[PDB]
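First to last, the protein sequences are chains E, N, I, J and R.
Residue numbering for the first sequence follows the deposited numbering, beginning at 2 and increasing consecutively.
Residue numbering for the second sequence follows the deposited numbering, beginning at 2 and increasing consecutively.
Residue numbering for the third sequence follows the deposited numbering, beginning at 2 and increasing consecutively.
Residue numbering for the fourth sequence follows the deposited numbering, beginning at 2 and increasing consecutively.
Residue numbering for the fifth sequence follows the deposited numbering, beginning at 2 and increasing consecutively.
A quick write-up on the structure given underneath.
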Amino acid sequence: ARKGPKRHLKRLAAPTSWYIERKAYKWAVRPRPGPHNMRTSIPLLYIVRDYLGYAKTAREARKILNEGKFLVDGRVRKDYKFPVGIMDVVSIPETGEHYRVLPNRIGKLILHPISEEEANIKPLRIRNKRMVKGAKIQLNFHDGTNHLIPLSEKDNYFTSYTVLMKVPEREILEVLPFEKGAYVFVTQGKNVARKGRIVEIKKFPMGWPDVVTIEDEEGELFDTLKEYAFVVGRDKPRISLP
Amino acid sequence: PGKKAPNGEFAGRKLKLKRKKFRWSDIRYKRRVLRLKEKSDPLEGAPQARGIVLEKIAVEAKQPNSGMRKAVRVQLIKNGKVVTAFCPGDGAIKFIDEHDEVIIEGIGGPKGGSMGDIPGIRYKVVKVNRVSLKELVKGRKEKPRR
Amino acid sequence: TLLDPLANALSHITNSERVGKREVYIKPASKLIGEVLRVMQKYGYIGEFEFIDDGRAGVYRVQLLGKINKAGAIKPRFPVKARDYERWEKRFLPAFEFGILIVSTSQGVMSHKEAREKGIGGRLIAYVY
Amino acid sequence: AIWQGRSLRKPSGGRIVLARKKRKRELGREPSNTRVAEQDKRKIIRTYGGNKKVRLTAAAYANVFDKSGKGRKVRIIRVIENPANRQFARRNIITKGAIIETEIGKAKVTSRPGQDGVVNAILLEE
Amino acid sequence: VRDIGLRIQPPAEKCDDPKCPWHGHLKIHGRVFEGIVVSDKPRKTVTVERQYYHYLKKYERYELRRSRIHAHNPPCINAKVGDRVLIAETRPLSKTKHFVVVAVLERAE
RNA sequence: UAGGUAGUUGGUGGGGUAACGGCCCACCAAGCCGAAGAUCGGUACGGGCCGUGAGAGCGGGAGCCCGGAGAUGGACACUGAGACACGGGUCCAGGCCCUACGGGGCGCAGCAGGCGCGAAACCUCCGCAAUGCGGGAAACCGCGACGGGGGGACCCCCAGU
Ligand SMILES: [Mg+2]
Ligand SMILES: [Mg+2]
Ligand SMILES: [Mg+2]
Ligand SMILES: [Zn+2]
């Protein structure tokens with residue numbers, strides 16, 4: 002860590018949301034930079050080989066990768082270091098199956114299987130919002146991917162909303178607002194993977210983030226951070242959450 | 002005398018200070034923190050050492066006893082010091098000759114000092130010419146280099 | 002000088018009852034003293050008590066029954082969490098429920114046996130058994 | 002060898018023994034004293050990360066400005082009363098508070114020449 | 002009335018300099034403390050003291066501790082010795098000034 | 001081991017930097033730490049953790065992971081997104097080597113192996129099949145990293161005579 006950037010990774014010091022065996026070998030895969038961050042994503046090899054089992058060694062998993070067999074978000078990926086993350090739709094178009102990446106109830110990542118007519122839309126949270134040259138609006142999303150909207154619809158797209166886009170094309174349909182009454186699914190924290198409706202929003206001065214209070218089906222008020230609640234549908238969710 | 006000095010709730014500093022102050026009236030602690038054993042120790046924190054014998058001598062025993070205990074003068078190699086070491090066993094001194102290399106351990110007394118009626122000696126011989134002494138005393142092995 | 006009117010009372014009580022007396026006078030009378038007498042009574046250690054005014058802070062008359070072994074003050078007044086009582090009950094008392102340990106909880110003065118039922122803590126002031 | 006790292010003396014007055022060596026990312030460069038001349042010279046530097054820095058070294062024009070936002074490129078004559086250093090106005094060194102004497106009045110410099118490679122000014126009032 | 006993100010009331014005058022958070026071009030962001038002034042000898046700087054308790058663990062008792070820091074003192078709220086002040090955190094202003102005074106409470110006594 | 005500090009503490013205007021800053025400079029002041037231990041000496045890589053004890057505690061921080069620092073000792077620059085670079089470049093000091101005597105070179109705190117010191121520590125072995133990294137459009141190629149054996153009363157578990 003002296004003269005330049007790190008390049009390897011150890012099994013011991015790996016992210017603890019991965020489902021890997023930490024004492025079997027010495028090295029893990031150092032994930033290439035890409036869409037999501039490193040505490041909420043996993044390389045592409047550990048899905049071809051460890052999770053689904055289509056390969057036994059890496060040398061025969063890197064032969065079916067660069068043949069155009071794996072479709073992460075509608076588009077073909079070939080390198081074994083690509084990060085796959087929350088609310089992605091990995092899809093194997095030959096075998097005929099689909100999946101969605103989601104966090105567990107204790108924090109790890111899974112591959113909850115979904116339909117085919119639902120393997121076509123992806124939810125996206127709004128993280129920031131700014132103005133670019135020509136006086137247009139750029140919406141920055143929860144996995145570092147962008148979109149432009151005119152200066153006449155700057156009233157439908159505040160931050161922490163949710164947008165539903167067709168995956169390989171990115172045409173907006175059905176924005177979901179954030180307010181009291183909407184249906185949220187938690188992403189990180191200590192209330193991981195719990196659903197419900199919103200009851201309250203509370204704000205603090207001088208830098209600290211704001212909190213949200215939620216009520217689930219059987220009836221229990223808990224709370225999380227406001228940017229951990231992912232709005233998926235209003236009054237009834239849109240994603241086949243498990 | 003009264004009760005005991007700083008038994009207050011907000012008197013932590015003075016209580017810790019009194020303890021640290023009186024811990025120095027000890028001798029096992031002062032001698033372990035100032036490291037006084039080293040700086041005055043001919044063997045330098047080793048369990049054993051090696052030397053080359055200069056002359057063979059005999060010591061007189063304590064008062065309620067009688068007899069002469071045989072010993073040698075060893076000249077260490079890592080330092081250059083000269084110590085006095087004891088040869089344990091019945092007839093051992095007839096196997097030690099001058100210009101020999103010997104190995105040296107402690108003698109195992111109280112506090113690391115000396116033991117029994119040999120009062121000033123604090124080391125004992127274990128090996129002669131890379132051949133254990135215990136064997137030589139009871140047959141069972143022969144001495145190299147003459 | 003005088004620094005603790007509660008310790009003086011509890012030592013006076015345990016000194017008097019050890020030689021056979023049947024009445025004592027707790028001279029400087031707080032209302033903390035009265036509050037601790039109240040809970041020494043409900044568990045059956047003393048008889049009945051009354052507050053007599055004398056123009057200067059008042060006195061307390063209490064009748065003894067010869068039913069206590071030892072009473073005293075836990076002085077430095079340590080705090081306790083609502084789940085850490087046994088650590089102190091193993092230090093002051095002689096068996097697993099022998100006697101009471103008086104606690105100055107945020108809802109008054111009470112014995113640790115009623116603090117564990119609400120699940121609260123506070124400062125320990127004294128102990129009787 | 003102009004090291005711009007930490008200091009070697011605590012706020013209390015005790016000395017500090019350095020524990021490492023000088024990193025190449027902490028160093029400094031020479032002051033580019035801008036002069037007045039009849040032709041302006043400037044160089045280009047490569048900086049940390051591959052960026053650049055235009056570095057003015059002699060000055061010829063002034064880019065004087067006004068209150069209605071009307072600039073004019075006119076040349077300068079000499080410097081008077083640079084408060085930065087006591088002996089700059091004499092040697093004609095233009096730093097940033099300098100009072101430039103253009104050929105249309107006086108002016109006050111409002112840009113850093115050694116960093117931008119231009120001289121800008123506002124038309125100082127009497 | 003202007004706020005800066007503290008939900009408190011601004012001073013009753015106007016300043017000059019640009020190192021003032023209320024009237025100038027400084028931004029505050031970080032911790033927010035509270036103490037009493039122990040010197041203002043040099044120009045525009047004070048020294049603020051606050052106290053807390055350290056809990057030893059072997060002896061299970063407490064212990065009194067201090068902390069002296071240095072803060073910029075804008076000319077619109079110039080604080081003397083012996084008064085409560087609220088101070089906030091921002092970028093390095095000098096070798097040893099990294100805080101700024103924002104509001105004064107209990108001037109005299 | 002009782003006083004220590006004079007770019008030392010602060011202000012005003014600037015230079016320099018990727019960047020804030022007495023980090024440097026020109027002027028104006030007299031501030032700043034300290035018996036609740038400053039300054040100066042001593043010893044020491046910091047932590048997760050490890051030994052011992054009924055617990056309160058006392059003792060240690062070589063091996064595995066995470067941060068820091070170093071490449072015979074001291075100074076200094078070029079190329080690059082990143083270095084003032086262990087198998088890249090200059091100068092001094094201190095060692096050694098080849099030479100047709102004019103000139104050239106080298107520095108294992110990488111893996112085996114050698115000398116010296118010591119009471120004290122192993123083979124000059126086989127492989128890119130596995131985990132990973134660099135290169136390449138890809139099949140692939142390289143790796144004393146990592147993987148396989150050789151030597152040794154290293155620590156644990158299960159048995160024989
Ligand atoms: Mg300045
Ligand atoms: Mg050291
Ligand atoms: Mg050994
Ligand atoms: Zn102001």
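Every residue gets a Cβ at the ideal spot worked out from N, C-alpha and C, and that includes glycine.
- In the DSSP annotation of this structure, the continuous segment of the beta strand (DSSP E) that includes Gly109(I) starts and ends at 109–112.
- The beta-carbon of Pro206(E) is placed less than 7 Å from the nearest beta-carbon of chain R.
- Looking from the CA of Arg31(E), the closest CA among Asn141(E), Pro114(E), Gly197(E), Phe83(E) belongs to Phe83(E).
- Nearest to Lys181(E) by C-alpha distance, out of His113(E), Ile199(E), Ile173(E), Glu170(E), is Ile199(E).
- Taking the CA atoms as reference points, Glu118(E) sits about 11 Å from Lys167(E).
- When rounded, the separation of the alpha-carbon atoms in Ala104(R) and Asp84(R) is 11 Å.
- Scanning its chain for C-beta atoms nearer than 8 Å, with the 5 sequence neighbours on each side dropped, one finds around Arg47(J) the residues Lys53, in chain order.
- Relative to ligand 4, even the nearest heavy atom lies 6 Å or more away from the CB of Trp209(E).
- When C-alpha distances from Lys23(J) are compared across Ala2(J), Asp41(J), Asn34(J), the shortest belongs to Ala2(J).
- Taking a cut-off of 8 Å on C-beta distances, the segment 224–236 of chain E touches the segment 178–194 of chain E, as three or more cross pairs fall below it.
- Per DSSP, the unbroken beta strand (DSSP E) holding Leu140(E) starts and ends at 137–142.
- As computed with DSSP, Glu61(N) is found in a beta bridge with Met69(N).
- In the pairwise beta carbon analysis, the segment 56–66 of chain N is classified as not touching the segment 6–16 of chain N: fewer than three pairs are separated by under 8 Å.
- Closer than 7 Å at the C-beta level to chain N, one finds these residues of the segment 46–76 of chain R: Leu57, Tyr60, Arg62, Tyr63, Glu64, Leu65.
- In this structure, DSSP gives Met132(E) an extended state, which the three-state scheme calls strand.
- Within chain E, the C-beta atoms nearer than 7 Å to that of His30(R) come from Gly208, in chain order.
- Its chain contains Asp211, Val212 as the residues whose beta carbon lies nearer than 7 Å to that of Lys203(E), once the 5 sequence neighbours on both sides are disregarded; these appear in chain order.
- Along the segment 41–61 of chain N, there is no position whose C-beta sits under 7 Å from a C-beta of chain R.
- Neighbours of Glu10(N) across chain R, judged by C-beta separation under 7 Å: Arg62, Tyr63.
- Using a Cβ-Cβ cut-off of 7 Å, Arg8(R) counts as an interface residue toward chain E, since at least one Cβ of chain E sits closer than that to its own.
- For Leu134(N), no Cβ of chain R is located within less than 7 Å of the residue's own Cβ.
- The beta carbon of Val80(J) sits closer than 8 Å to the beta carbons of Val37, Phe89, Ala90, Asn93, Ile94, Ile95, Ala99, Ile100, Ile101, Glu102 from its chain, once the five residues preceding and following it are set aside; these are given in chain order.
- Neighbours of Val102(R) in chain E, taken as residues whose beta carbon is under 7 Å from its own, are absent, since the nearest beta carbon is some 16 Å off.
- Within chain E, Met207 have C-beta atoms less than 9 Å from the C-beta of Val33(R), given in sequence order.
- According to the DSSP assignment, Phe23(N) belongs to the alpha helix (DSSP H) that extends over 13–23.
- Within the same chain, and ignoring the five residues on either side of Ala10(I) in sequence, the residues whose Cβ sits closer than 6 Å to its Cβ are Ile27, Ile34.
- Within the chosen limit of 6 Å, ligand 4 does not reach the beta carbon of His9(E) with any heavy atom.
- Per DSSP, the beta bridge partners of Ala72(I) are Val129(I).
- For the options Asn16(I), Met41(I), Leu125(I), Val20(I), the alpha carbon positioned closest to that of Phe50(I) is the one of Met41(I).
- Between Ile108(N) and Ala50(N), the beta carbon gap of about 13 Å keeps them out of contact (Cβ cut-off 8 Å).
- For the options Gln5(J), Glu39(J), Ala20(J), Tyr49(J), the alpha carbon positioned closest to that of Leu28(J) is the one of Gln5(J).
- DSSP links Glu18(I) through a beta bridge to no other residue.
- The Cβ atoms of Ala60(J) and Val110(J) do not sit closer than 7 Å to each other.
- For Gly115(J), the enclosing alpha helix (DSSP H) begins and ends at 114–117.
- Per the C-alpha coordinates, the member of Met88(E), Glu68(E), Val85(E) positioned closest to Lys79(E) is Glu68(E).
- A distance of 7 Å or more separates the beta carbons of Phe179(E) and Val102(E).
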